[PDB]
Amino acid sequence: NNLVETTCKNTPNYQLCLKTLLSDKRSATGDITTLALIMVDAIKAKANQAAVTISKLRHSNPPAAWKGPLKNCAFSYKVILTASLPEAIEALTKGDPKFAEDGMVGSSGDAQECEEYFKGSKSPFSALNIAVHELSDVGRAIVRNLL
């Protein structure tokens, strides 16, 4: 709480860090490594739901325009969920920060690149790409205190 506020001040989105951490029961007691894992779980929750939305979009006769971007975005979310986030969870739980930052750098890039494919058109799940990107950015900054 004291630590939560201070932790969140050292991030590029103070309000998103705080709304995210204060909404999880683990933040009251948790040390900063716990705050890091709470963020990673929030990125994961949004990434899982983007993956679901993409699948639903691709199998329901999608506009020809969305077909490339959705294909590509499906893969980006596969990388976030089965590589980047598990690694960052590995590194916080049993390793060292450094690699968590790598996984948060990755997931932030992948979520933006997915959004970028819709540029010049209407983007079907913008709030979810932006949330994954911004949560990952907050996450990056938290792990970057640890170093």
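Rigid core: the largest C-alpha set superposing within 1.5 Å between the two forms. Numbers for residues come from their place in the sequence shown, where the first is 1.
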Seminar exercise, completed: RMS over structures and residues, CA atoms, rigid core fit in 7 other deposited structures of this protein: 87-95 vs 108-116, larger is 87-95
For this session: On mean C-alpha B-factor from the PDB entry, just flag whether 97-105 or 43-51 is the higher one.
Result: 97-105
Seminar exercise, completed: Taking the deposited Cα B-factors and averaging over 87-95 and over 32-40, the higher mean is found in 87-95
Exercise. Residue 64: which third of its chain by C-alpha temperature factor?
Worked result: highest
Exercise. Within this chain, which third does the Cα B-factor at residue 24 fall in: lowest, middle or highest?
Worked result: highest
For this session: Check where residue 146 lands among this chain's C-alpha B-factors and tell me if it's the lowest, middle or highest third.
Result: highest
